[PDB]
Amino acid sequence: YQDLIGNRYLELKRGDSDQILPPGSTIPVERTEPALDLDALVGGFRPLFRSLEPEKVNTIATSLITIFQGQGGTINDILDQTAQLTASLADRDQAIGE
Amino acid sequence: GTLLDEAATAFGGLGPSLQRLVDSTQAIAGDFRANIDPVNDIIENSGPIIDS
Amino acid sequence: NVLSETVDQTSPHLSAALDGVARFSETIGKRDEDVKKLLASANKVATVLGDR
Amino acid sequence: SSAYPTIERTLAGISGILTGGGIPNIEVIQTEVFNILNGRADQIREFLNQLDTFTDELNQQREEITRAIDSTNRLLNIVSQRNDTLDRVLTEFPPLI
Amino acid sequence: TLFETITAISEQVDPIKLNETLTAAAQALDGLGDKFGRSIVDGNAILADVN
Amino acid sequence: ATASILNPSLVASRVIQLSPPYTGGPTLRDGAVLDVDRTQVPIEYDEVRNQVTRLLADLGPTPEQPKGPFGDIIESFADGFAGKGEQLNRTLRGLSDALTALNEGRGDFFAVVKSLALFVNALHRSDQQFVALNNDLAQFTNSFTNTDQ
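Residues numbered from 1 in each chain as written, not as in the entry; some residues may be left out. Chains lettered and ligands numbered in written order. Part of a larger assembly, values for the part shown. Heavy atoms only, no water.

- Method of structure determination, per the deposited record: cryo-EM was used for this entry, reaching 2.76 Å resolution.

**Focus: the interface of chain B and chain F**
Phase 1: Facing 27 residues of chain B, the contacting portion of chain F comprises 32 residues.
Phase 2: Of the roughly 2,500 Å² buried where chain B meets chain F, counting both sides, 72% is carbon and sulfur surface.
Phase 3: Among the residues of chain B in contact with chain F, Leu3, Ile49 and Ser52 of chain B are the three that bury the most area, contributing 20% of the side total.
Phase 4: Where chain B meets chain F, there are 1 salt bridge.
Phase 5: Ionic pairing is found between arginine 106 of chain F and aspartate 31 of chain B, a salt bridge with its closest N-O pair at 3.2 Å.
Phase 6: One can count 8 residue pairs in polar contact joining chain B with chain F.
Phase 7: For the side of chain B that touches chain F, the secondary-structure elements that each account for two or more residues are α1 (2-10), α2 (15-34) and α3 (36-51) of chain B.
Phase 8: With 11 residues, α2 of chain B is the single largest residue contributor to the side of chain B that touches chain F.
Phase 9: Grouping the amino acids of the side of chain B that touches chain F by side-chain chemistry returns 14 nonpolar, 8 polar and 5 charged. (Contact = heavy atoms within 4.5 Å. Buried area = accessible area lost by both parts, 1.4 Å probe. Salt bridge = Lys/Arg side-chain N within 4 Å of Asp/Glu carboxyl O. Polar contact = N/O pair within 3.5 Å; in protein donor to acceptor, adjacent residues only side chain to side chain. Helix = DSSP H or I, 4+ residues; strand = E, 2+ residues; numbered from the N terminus. Nonpolar A, V, L, I, M, F, W, Y, C, P; charged D, E, K, R; others polar.)

**What to know about helix α1 (residues 2-10) of chain C**
Phase 1: Residues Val2, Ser4, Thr6, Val7 and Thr10 of chain C constitute the buried set of α1 of chain C.
Phase 2: In this fold, the buried residues of α1 of chain C make contact with α2 (54-68) and α3 (72-90) of chain A, α2 (14-29) of chain C together with α2 (68-80) of chain F. (Buried < 20%, exposed > 50% of the residue type's maximum accessible area, 1.4 Å probe, protein only.)

**Some thoughts on the pattern of salt bridges**
Phase 1: If you walk through the whole model with that rule in mind, you get 19 salt bridges over all chains.
Phase 2: Residues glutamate 33 of chain C and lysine 36 of chain C are paired through a salt bridge, measuring 3.4 Å at the closest nitrogen-oxygen approach. Note that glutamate 33 of chain C and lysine 36 of chain C are positioned in helix α3 (residues 32-51) at a spacing of 3 residues, about one turn of the helix.
Phase 3: The class for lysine 36 of chain C is partly exposed, based on a relative accessible area of 24%.
Phase 4: Of the charged contacts, one joins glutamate 104 of chain F and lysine 36 of chain C as a salt bridge, the two residues approaching to 2.8 Å between their closest N and O atoms. Here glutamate 104 of chain F, found in helix α3 (residues 85-104), pairs with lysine 36 of chain C, found in helix α3, and the two come from separate chains.
Phase 5: Because the salt bridges share partners, they merge into one network encompassing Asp93 of chain A together with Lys30 and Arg31 of chain C.

Right under this line is the structure:
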(Lines give C-alpha, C1' and ligand atoms only; values in the text may rest on other atoms or scores of the structure.)
Protein backbone atom coordinates (compact mmCIF):
# COMPACT_ATOMS: atom_id res chain seq x y z
CA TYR A 1 0.00 0.00 0.00
CA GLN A 2 1.13 3.52 -0.77
CA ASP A 3 -1.79 4.92 1.25
CA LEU A 4 -5.35 4.14 2.35
CA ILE A 5 -6.88 5.70 -0.78
CA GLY A 6 -5.95 2.90 -3.19
CA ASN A 7 -2.42 3.64 -4.41
CA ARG A 8 -0.02 0.69 -4.63
CA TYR A 9 3.64 0.12 -5.37
CA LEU A 10 6.00 -2.78 -6.08
CA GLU A 11 8.61 -3.74 -3.47
CA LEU A 12 11.69 -5.85 -4.20
CA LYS A 13 13.72 -7.82 -1.65
CA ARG A 14 17.23 -8.98 -2.51
CA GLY A 15 17.30 -12.34 -0.75
CA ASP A 16 20.46 -14.27 0.12
CA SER A 17 21.76 -15.93 -3.04
CA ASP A 18 24.48 -14.16 -5.03
CA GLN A 19 23.52 -15.75 -8.37
CA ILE A 20 22.68 -12.78 -10.58
CA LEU A 21 19.33 -13.06 -12.35
CA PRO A 22 19.91 -12.42 -16.08
CA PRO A 23 17.99 -9.47 -17.56
CA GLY A 24 14.50 -10.15 -18.85
CA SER A 25 13.91 -13.12 -16.55
CA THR A 26 10.55 -13.69 -14.86
CA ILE A 27 10.09 -13.98 -11.09
CA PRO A 28 7.73 -16.94 -10.52
CA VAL A 29 4.57 -16.92 -8.42
CA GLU A 30 6.35 -19.01 -5.78
CA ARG A 31 7.95 -15.89 -4.24
CA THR A 32 5.41 -13.13 -4.93
CA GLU A 33 2.72 -12.00 -2.51
CA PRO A 34 -0.33 -9.72 -2.81
CA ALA A 35 -1.41 -6.70 -0.75
CA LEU A 36 -3.72 -6.47 2.27
CA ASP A 37 -7.05 -7.26 0.55
CA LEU A 38 -9.02 -5.32 3.16
CA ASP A 39 -12.31 -7.00 2.19
CA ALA A 40 -10.97 -10.40 3.25
CA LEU A 41 -9.79 -8.89 6.54
CA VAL A 42 -13.22 -7.40 7.23
CA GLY A 43 -15.04 -10.59 6.23
CA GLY A 44 -12.80 -12.69 8.46
CA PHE A 45 -14.19 -10.90 11.53
CA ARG A 46 -17.71 -12.20 10.82
CA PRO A 47 -17.35 -15.58 12.64
CA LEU A 48 -15.29 -13.98 15.41
CA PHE A 49 -17.96 -11.35 16.08
CA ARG A 50 -20.75 -13.90 15.64
CA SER A 51 -19.14 -16.06 18.35
CA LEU A 52 -19.30 -13.21 20.91
CA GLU A 53 -23.06 -13.40 21.53
CA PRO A 54 -23.72 -12.11 25.08
CA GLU A 55 -26.17 -14.88 26.03
CA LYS A 56 -23.79 -17.78 25.40
CA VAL A 57 -20.80 -15.92 26.87
CA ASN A 58 -22.68 -15.05 30.06
CA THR A 59 -24.14 -18.55 30.44
CA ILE A 60 -20.73 -20.19 29.99
CA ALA A 61 -19.11 -17.71 32.37
CA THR A 62 -21.66 -18.24 35.15
CA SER A 63 -21.56 -22.02 34.68
CA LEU A 64 -17.76 -22.10 34.91
CA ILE A 65 -17.86 -19.94 38.04
CA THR A 66 -20.40 -22.30 39.60
CA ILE A 67 -18.55 -25.49 38.63
CA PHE A 68 -14.92 -24.65 39.35
CA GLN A 69 -15.18 -22.38 42.42
CA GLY A 70 -13.27 -23.90 45.33
CA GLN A 71 -12.95 -27.24 43.54
CA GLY A 72 -9.15 -27.23 43.25
CA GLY A 73 -8.77 -29.61 46.18
CA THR A 74 -11.53 -31.87 44.88
CA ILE A 75 -9.93 -32.11 41.42
CA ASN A 76 -6.51 -32.68 43.00
CA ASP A 77 -7.97 -35.57 45.01
CA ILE A 78 -9.63 -36.98 41.87
CA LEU A 79 -6.34 -36.82 39.96
CA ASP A 80 -4.26 -38.38 42.75
CA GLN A 81 -6.71 -41.21 43.43
CA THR A 82 -7.26 -42.02 39.76
CA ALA A 83 -3.50 -41.93 39.12
CA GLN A 84 -2.86 -44.41 41.92
CA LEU A 85 -5.75 -46.70 40.94
CA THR A 86 -4.87 -46.66 37.24
CA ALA A 87 -1.18 -47.29 37.93
CA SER A 88 -2.10 -50.28 40.10
CA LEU A 89 -4.46 -51.57 37.40
CA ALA A 90 -1.86 -51.10 34.64
CA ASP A 91 0.76 -52.96 36.68
CA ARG A 92 -1.40 -56.05 35.98
CA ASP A 93 -1.48 -55.62 32.19
CA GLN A 94 -0.17 -59.13 31.50
CA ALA A 95 -2.58 -60.62 34.05
CA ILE A 96 -5.54 -58.79 32.48
CA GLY A 97 -4.53 -59.97 29.02
CA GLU A 98 -4.25 -63.57 30.20
CA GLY B 1 3.38 -19.47 21.38
CA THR B 2 4.20 -22.23 23.87
CA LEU B 3 0.52 -22.80 24.69
CA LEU B 4 -0.38 -22.96 21.00
CA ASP B 5 2.43 -25.47 20.37
CA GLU B 6 1.24 -27.65 23.26
CA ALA B 7 -2.38 -27.46 22.11
CA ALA B 8 -1.37 -28.40 18.56
CA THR B 9 0.63 -31.34 19.89
CA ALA B 10 -2.28 -32.51 22.05
CA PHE B 11 -5.01 -31.85 19.45
CA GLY B 12 -3.18 -32.54 16.19
CA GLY B 13 -5.48 -34.95 14.37
CA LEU B 14 -7.83 -36.14 17.12
CA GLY B 15 -11.02 -34.92 15.45
CA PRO B 16 -12.64 -38.30 14.76
CA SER B 17 -10.87 -39.76 17.80
CA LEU B 18 -12.38 -37.24 20.22
CA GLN B 19 -15.73 -37.49 18.42
CA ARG B 20 -15.75 -41.24 19.04
CA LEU B 21 -14.62 -40.66 22.64
CA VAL B 22 -17.50 -38.28 23.40
CA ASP B 23 -20.11 -40.37 21.56
CA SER B 24 -19.03 -43.56 23.33
CA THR B 25 -18.95 -41.80 26.70
CA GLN B 26 -22.48 -40.44 26.32
CA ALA B 27 -23.88 -43.74 25.00
CA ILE B 28 -22.29 -45.77 27.81
CA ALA B 29 -23.45 -43.34 30.50
CA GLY B 30 -27.01 -43.29 29.15
CA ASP B 31 -27.24 -47.07 28.89
CA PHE B 32 -25.71 -47.44 32.36
CA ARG B 33 -28.33 -45.13 33.86
CA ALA B 34 -30.99 -47.12 31.99
CA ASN B 35 -29.69 -50.38 33.48
CA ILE B 36 -28.73 -49.02 36.93
CA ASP B 37 -31.38 -51.20 38.61
CA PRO B 38 -29.78 -54.51 37.50
CA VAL B 39 -26.41 -53.01 38.45
CA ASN B 40 -27.69 -52.20 41.94
CA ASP B 41 -29.21 -55.67 42.25
CA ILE B 42 -25.90 -57.32 41.28
CA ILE B 43 -23.91 -55.12 43.68
CA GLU B 44 -26.26 -55.77 46.60
CA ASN B 45 -26.92 -59.49 46.08
CA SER B 46 -23.65 -60.92 44.69
CA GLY B 47 -22.01 -60.82 48.13
CA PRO B 48 -24.19 -63.49 49.80
CA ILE B 49 -23.58 -66.27 47.25
CA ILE B 50 -19.86 -65.54 46.85
CA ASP B 51 -19.25 -65.38 50.60
CA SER B 52 -21.28 -68.58 50.99
CA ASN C 1 -9.65 -15.99 37.11
CA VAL C 2 -11.35 -19.19 38.30
CA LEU C 3 -9.97 -21.16 35.35
CA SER C 4 -6.51 -19.66 35.91
CA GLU C 5 -6.40 -20.66 39.57
CA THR C 6 -7.92 -24.09 38.87
CA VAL C 7 -5.18 -24.82 36.32
CA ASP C 8 -2.54 -23.41 38.69
CA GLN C 9 -3.74 -25.74 41.46
CA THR C 10 -4.39 -28.94 39.48
CA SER C 11 -1.31 -28.79 37.23
CA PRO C 12 1.19 -30.65 39.51
CA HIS C 13 -1.21 -33.60 39.89
CA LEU C 14 -2.05 -33.98 36.19
CA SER C 15 0.98 -35.73 34.66
CA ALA C 16 0.72 -38.84 36.84
CA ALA C 17 -3.04 -39.04 36.25
CA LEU C 18 -2.54 -38.74 32.48
CA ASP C 19 0.16 -41.44 32.51
CA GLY C 20 -1.91 -43.89 34.55
CA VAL C 21 -5.08 -43.29 32.55
CA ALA C 22 -3.15 -43.72 29.29
CA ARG C 23 -1.62 -47.02 30.43
CA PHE C 24 -4.85 -48.51 31.77
CA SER C 25 -6.81 -47.35 28.72
CA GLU C 26 -4.22 -48.89 26.37
CA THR C 27 -4.52 -52.16 28.32
CA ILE C 28 -8.02 -52.59 26.85
CA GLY C 29 -7.35 -50.55 23.68
CA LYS C 30 -4.78 -53.00 22.34
CA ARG C 31 -7.23 -55.92 22.80
CA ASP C 32 -10.42 -54.45 21.29
CA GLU C 33 -11.36 -57.48 19.17
CA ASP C 34 -10.65 -59.87 22.04
CA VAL C 35 -12.76 -57.76 24.42
CA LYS C 36 -15.67 -57.59 21.98
CA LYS C 37 -15.58 -61.35 21.32
CA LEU C 38 -15.43 -61.93 25.08
CA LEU C 39 -18.46 -59.68 25.58
CA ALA C 40 -20.45 -61.53 22.90
CA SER C 41 -19.61 -64.96 24.32
CA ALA C 42 -20.36 -63.73 27.84
CA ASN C 43 -23.69 -62.41 26.55
CA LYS C 44 -24.58 -65.86 25.25
CA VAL C 45 -23.47 -67.67 28.42
CA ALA C 46 -25.11 -65.19 30.80
CA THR C 47 -28.34 -65.32 28.80
CA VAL C 48 -28.32 -69.11 29.13
CA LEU C 49 -27.71 -68.82 32.88
CA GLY C 50 -30.38 -66.17 33.45
CA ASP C 51 -33.06 -67.95 31.44
CA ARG C 52 -32.52 -71.01 33.68
CA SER D 1 17.92 0.64 12.65
CA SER D 2 14.37 -0.69 12.46
CA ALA D 3 10.88 0.19 11.27
CA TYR D 4 7.49 0.11 12.95
CA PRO D 5 4.93 -2.25 11.40
CA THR D 6 2.69 -0.30 9.07
CA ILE D 7 -1.09 -0.43 9.38
CA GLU D 8 -1.13 -2.57 6.23
CA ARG D 9 1.28 -5.13 7.69
CA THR D 10 -0.63 -5.33 10.98
CA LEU D 11 -3.96 -5.79 9.21
CA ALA D 12 -2.36 -8.37 6.90
CA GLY D 13 -1.16 -10.38 9.89
CA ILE D 14 -4.59 -10.18 11.52
CA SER D 15 -6.20 -11.22 8.22
CA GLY D 16 -3.83 -14.18 7.93
CA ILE D 17 -4.78 -15.28 11.44
CA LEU D 18 -8.49 -14.87 10.68
CA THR D 19 -8.46 -16.70 7.34
CA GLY D 20 -5.89 -19.44 7.94
CA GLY D 21 -6.61 -19.95 11.63
CA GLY D 22 -9.91 -21.82 11.34
CA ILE D 23 -11.90 -19.07 13.06
CA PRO D 24 -15.37 -20.30 11.82
CA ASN D 25 -14.95 -23.34 14.07
CA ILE D 26 -14.77 -21.29 17.29
CA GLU D 27 -18.45 -20.33 17.32
CA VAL D 28 -19.44 -23.98 16.87
CA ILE D 29 -17.25 -24.95 19.83
CA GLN D 30 -18.81 -22.20 21.93
CA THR D 31 -22.30 -23.34 20.95
CA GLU D 32 -21.51 -26.88 22.06
CA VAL D 33 -20.00 -25.62 25.31
CA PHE D 34 -23.29 -23.78 25.85
CA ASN D 35 -25.19 -27.03 25.34
CA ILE D 36 -22.92 -28.67 27.91
CA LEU D 37 -23.41 -25.91 30.48
CA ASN D 38 -27.05 -24.95 29.86
CA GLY D 39 -28.67 -25.22 33.28
CA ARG D 40 -26.39 -28.00 34.55
CA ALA D 41 -23.67 -26.13 36.47
CA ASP D 42 -24.72 -27.34 39.93
CA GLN D 43 -25.25 -30.86 38.61
CA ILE D 44 -21.73 -30.89 37.15
CA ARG D 45 -20.33 -29.59 40.46
CA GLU D 46 -22.06 -32.31 42.48
CA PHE D 47 -20.92 -34.83 39.86
CA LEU D 48 -17.34 -33.71 40.49
CA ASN D 49 -17.85 -34.23 44.23
CA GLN D 50 -19.41 -37.67 43.71
CA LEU D 51 -16.61 -38.64 41.32
CA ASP D 52 -14.09 -37.61 43.98
CA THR D 53 -15.80 -39.84 46.55
CA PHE D 54 -16.15 -42.76 44.11
CA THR D 55 -12.51 -42.54 42.99
CA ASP D 56 -11.32 -42.39 46.60
CA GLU D 57 -13.37 -45.48 47.44
CA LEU D 58 -12.05 -47.37 44.41
CA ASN D 59 -8.44 -46.36 45.10
CA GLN D 60 -8.81 -47.63 48.67
CA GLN D 61 -9.49 -51.11 47.22
CA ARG D 62 -6.57 -51.25 44.75
CA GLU D 63 -4.78 -54.07 46.60
CA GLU D 64 -7.96 -56.16 46.71
CA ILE D 65 -8.57 -55.45 43.02
CA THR D 66 -5.05 -56.63 42.13
CA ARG D 67 -5.44 -59.74 44.29
CA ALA D 68 -8.79 -60.54 42.65
CA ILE D 69 -7.22 -60.08 39.21
CA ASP D 70 -4.35 -62.42 40.13
CA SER D 71 -6.71 -65.04 41.56
CA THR D 72 -8.99 -64.91 38.52
CA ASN D 73 -5.90 -65.16 36.31
CA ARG D 74 -4.73 -68.31 38.09
CA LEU D 75 -8.16 -69.97 38.01
CA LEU D 76 -8.72 -69.08 34.35
CA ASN D 77 -5.24 -70.34 33.44
CA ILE D 78 -6.01 -73.71 35.04
CA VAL D 79 -9.39 -73.84 33.30
CA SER D 80 -7.86 -72.84 29.96
CA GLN D 81 -5.25 -75.60 30.22
CA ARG D 82 -8.12 -78.02 30.98
CA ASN D 83 -10.30 -76.67 28.13
CA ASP D 84 -9.91 -80.12 26.54
CA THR D 85 -11.51 -81.67 29.62
CA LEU D 86 -14.23 -79.01 29.42
CA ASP D 87 -14.99 -79.93 25.80
CA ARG D 88 -15.02 -83.63 26.63
CA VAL D 89 -17.45 -82.93 29.49
CA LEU D 90 -19.81 -80.79 27.41
CA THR D 91 -19.82 -83.33 24.57
CA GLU D 92 -20.91 -86.35 26.63
CA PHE D 93 -22.40 -85.35 30.02
CA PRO D 94 -25.57 -83.48 28.85
CA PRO D 95 -26.92 -86.63 27.11
CA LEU D 96 -26.32 -88.68 30.26
CA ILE D 97 -28.03 -86.09 32.46
CA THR E 1 3.23 1.19 19.44
CA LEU E 2 -0.20 -0.43 19.08
CA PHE E 3 0.73 -1.81 15.65
CA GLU E 4 4.02 -3.13 17.01
CA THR E 5 2.25 -4.90 19.89
CA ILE E 6 -0.39 -6.43 17.60
CA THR E 7 2.36 -7.58 15.22
CA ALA E 8 4.31 -9.12 18.11
CA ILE E 9 1.22 -11.11 19.11
CA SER E 10 0.39 -12.06 15.51
CA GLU E 11 3.88 -13.47 14.93
CA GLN E 12 3.29 -15.74 17.94
CA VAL E 13 -0.22 -16.85 16.92
CA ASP E 14 1.12 -19.14 14.13
CA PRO E 15 -2.23 -19.76 12.38
CA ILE E 16 -1.51 -23.32 11.16
CA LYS E 17 -1.30 -24.80 14.67
CA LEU E 18 -4.29 -22.71 15.75
CA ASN E 19 -6.23 -24.02 12.74
CA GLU E 20 -5.51 -27.67 13.50
CA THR E 21 -6.22 -27.23 17.23
CA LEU E 22 -9.55 -25.50 16.57
CA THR E 23 -10.49 -28.07 13.92
CA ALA E 24 -9.85 -30.92 16.36
CA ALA E 25 -11.79 -29.16 19.12
CA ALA E 26 -14.75 -28.45 16.82
CA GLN E 27 -14.81 -32.02 15.52
CA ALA E 28 -14.60 -33.32 19.11
CA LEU E 29 -18.18 -32.31 19.95
CA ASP E 30 -19.60 -31.17 16.61
CA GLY E 31 -23.02 -32.78 16.95
CA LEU E 32 -23.13 -33.86 20.61
CA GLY E 33 -22.90 -31.10 23.20
CA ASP E 34 -26.28 -31.74 24.76
CA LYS E 35 -25.43 -35.45 24.79
CA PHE E 36 -22.30 -34.86 26.88
CA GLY E 37 -24.19 -32.83 29.49
CA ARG E 38 -26.97 -35.41 29.64
CA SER E 39 -24.27 -38.06 30.11
CA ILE E 40 -22.75 -36.05 32.97
CA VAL E 41 -26.20 -35.89 34.60
CA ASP E 42 -26.67 -39.63 34.08
CA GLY E 43 -23.26 -40.30 35.62
CA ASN E 44 -24.21 -38.08 38.55
CA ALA E 45 -27.29 -40.24 39.12
CA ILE E 46 -25.23 -43.44 38.72
CA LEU E 47 -22.64 -42.27 41.25
CA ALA E 48 -25.40 -41.22 43.66
CA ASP E 49 -26.80 -44.75 43.37
CA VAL E 50 -23.45 -46.58 43.55
CA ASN E 51 -21.53 -44.72 46.29
CA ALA F 1 -41.10 -5.22 6.03
CA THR F 2 -38.48 -3.74 8.35
CA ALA F 3 -37.36 -0.15 7.74
CA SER F 4 -33.74 -0.04 8.90
CA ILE F 5 -31.66 3.14 8.89
CA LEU F 6 -28.24 2.49 7.35
CA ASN F 7 -24.99 4.46 7.36
CA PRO F 8 -23.19 3.22 4.21
CA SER F 9 -19.68 4.46 5.04
CA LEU F 10 -17.64 6.74 7.30
CA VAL F 11 -18.98 9.93 5.70
CA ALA F 12 -22.19 9.28 3.77
CA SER F 13 -25.87 10.13 3.62
CA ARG F 14 -27.84 7.75 5.83
CA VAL F 15 -30.68 5.92 4.11
CA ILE F 16 -33.76 3.87 4.99
CA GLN F 17 -33.73 0.35 3.56
CA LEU F 18 -36.71 -2.00 3.55
CA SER F 19 -34.57 -4.96 4.56
CA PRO F 20 -36.63 -8.04 3.53
CA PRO F 21 -36.87 -8.23 -0.27
CA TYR F 22 -40.28 -8.90 -1.77
CA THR F 23 -40.92 -12.48 -2.92
CA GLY F 24 -44.73 -12.51 -3.13
CA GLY F 25 -47.76 -12.57 -0.90
CA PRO F 26 -49.37 -9.54 0.74
CA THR F 27 -47.67 -6.22 0.07
CA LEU F 28 -47.18 -3.02 2.04
CA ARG F 29 -50.11 -0.69 1.38
CA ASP F 30 -50.20 3.10 1.26
CA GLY F 31 -50.46 4.85 4.61
CA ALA F 32 -49.09 1.92 6.59
CA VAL F 33 -47.56 2.46 10.04
CA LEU F 34 -44.35 0.75 11.18
CA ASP F 35 -43.86 0.65 14.94
CA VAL F 36 -40.59 0.62 16.90
CA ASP F 37 -40.57 -3.20 16.98
CA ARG F 38 -40.02 -3.46 13.20
CA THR F 39 -37.38 -0.73 12.79
CA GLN F 40 -33.61 -0.63 13.21
CA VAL F 41 -31.05 2.07 14.01
CA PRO F 42 -27.31 2.31 13.15
CA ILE F 43 -24.69 1.61 15.76
CA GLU F 44 -23.23 5.17 16.06
CA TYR F 45 -19.57 5.97 16.73
CA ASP F 46 -19.98 7.02 20.38
CA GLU F 47 -21.57 3.68 21.30
CA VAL F 48 -18.53 1.96 19.77
CA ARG F 49 -16.18 4.18 21.79
CA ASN F 50 -18.11 3.58 25.02
CA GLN F 51 -18.21 -0.19 24.56
CA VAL F 52 -14.50 -0.37 23.67
CA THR F 53 -13.62 1.71 26.73
CA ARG F 54 -15.87 -0.39 28.97
CA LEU F 55 -14.43 -3.71 27.80
CA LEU F 56 -10.84 -2.45 28.03
CA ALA F 57 -11.35 -1.14 31.56
CA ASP F 58 -13.32 -4.11 32.90
CA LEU F 59 -11.31 -6.95 31.33
CA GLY F 60 -7.95 -5.17 31.27
CA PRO F 61 -5.06 -4.96 33.72
CA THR F 62 -5.70 -3.91 37.32
CA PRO F 63 -3.31 -3.15 40.20
CA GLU F 64 -4.48 -6.38 41.86
CA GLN F 65 -4.08 -8.38 38.62
CA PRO F 66 -1.26 -6.75 36.62
CA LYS F 67 -1.44 -9.10 33.62
CA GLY F 68 -5.24 -9.06 33.43
CA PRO F 69 -7.65 -11.98 33.14
CA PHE F 70 -6.53 -13.06 29.66
CA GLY F 71 -2.84 -12.65 30.49
CA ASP F 72 -3.26 -14.71 33.65
CA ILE F 73 -5.24 -17.44 31.89
CA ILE F 74 -2.75 -17.78 29.02
CA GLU F 75 0.15 -17.80 31.50
CA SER F 76 -1.51 -20.48 33.63
CA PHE F 77 -2.46 -22.64 30.64
CA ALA F 78 1.07 -22.36 29.21
CA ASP F 79 2.69 -23.20 32.55
CA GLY F 80 0.05 -25.78 33.46
CA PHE F 81 0.49 -27.79 30.25
CA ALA F 82 4.19 -27.27 29.48
CA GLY F 83 5.44 -30.67 28.36
CA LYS F 84 2.10 -32.49 28.76
CA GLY F 85 1.05 -32.27 25.10
CA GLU F 86 2.35 -35.71 24.16
CA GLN F 87 1.04 -37.25 27.39
CA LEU F 88 -2.38 -35.68 26.83
CA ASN F 89 -2.44 -36.88 23.21
CA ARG F 90 -1.56 -40.43 24.27
CA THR F 91 -4.16 -40.38 27.05
CA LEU F 92 -6.87 -39.12 24.69
CA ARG F 93 -6.03 -41.73 22.05
CA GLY F 94 -6.08 -44.53 24.62
CA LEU F 95 -9.34 -43.32 26.15
CA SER F 96 -10.98 -43.04 22.73
CA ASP F 97 -9.86 -46.54 21.72
CA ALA F 98 -10.97 -48.15 24.99
CA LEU F 99 -14.31 -46.32 25.09
CA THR F 100 -15.03 -47.17 21.44
CA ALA F 101 -14.27 -50.83 22.18
CA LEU F 102 -16.64 -50.75 25.16
CA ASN F 103 -19.34 -48.92 23.19
CA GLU F 104 -19.28 -51.43 20.33
CA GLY F 105 -19.89 -54.20 22.88
CA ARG F 106 -22.11 -52.05 25.09
CA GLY F 107 -25.31 -53.89 24.19
CA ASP F 108 -23.80 -57.29 24.92
CA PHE F 109 -22.30 -56.03 28.19
CA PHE F 110 -25.61 -54.67 29.46
CA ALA F 111 -27.36 -57.86 28.37
CA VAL F 112 -24.77 -59.61 30.57
CA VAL F 113 -25.59 -57.21 33.40
CA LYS F 114 -29.34 -57.86 33.13
CA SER F 115 -28.93 -61.64 32.89
CA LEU F 116 -26.54 -61.79 35.84
CA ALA F 117 -28.97 -59.58 37.77
CA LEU F 118 -31.73 -62.12 37.15
CA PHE F 119 -29.41 -64.98 38.13
CA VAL F 120 -28.17 -63.38 41.35
CA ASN F 121 -31.62 -62.08 42.34
CA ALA F 122 -33.01 -65.60 42.00
CA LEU F 123 -30.10 -67.33 43.76
CA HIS F 124 -29.09 -64.94 46.57
CA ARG F 125 -31.71 -66.00 49.12
CA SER F 126 -30.21 -69.48 49.71
CA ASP F 127 -26.66 -68.63 50.85
CA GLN F 128 -26.90 -70.79 53.97
CA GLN F 129 -28.59 -73.56 51.99
CA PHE F 130 -25.60 -73.41 49.61
CA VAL F 131 -23.19 -73.79 52.53
CA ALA F 132 -25.28 -76.73 53.74
CA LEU F 133 -25.22 -78.22 50.22
CA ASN F 134 -21.43 -78.01 50.03
CA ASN F 135 -20.98 -79.54 53.49
CA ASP F 136 -23.47 -82.34 52.78
CA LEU F 137 -21.78 -83.07 49.45
CA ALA F 138 -18.38 -83.24 51.17
CA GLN F 139 -19.79 -85.65 53.77
CA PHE F 140 -21.54 -87.78 51.13
CA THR F 141 -18.32 -88.07 49.11
CA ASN F 142 -16.36 -88.82 52.30
CA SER F 143 -18.80 -91.69 52.84
CA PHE F 144 -17.23 -93.49 49.84
CA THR F 145 -13.53 -92.49 50.09
CA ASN F 146 -12.59 -93.73 53.55
CA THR F 147 -9.93 -96.01 52.00
CA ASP F 148 -7.96 -95.87 48.76
CA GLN F 149 -9.73 -98.64 46.81
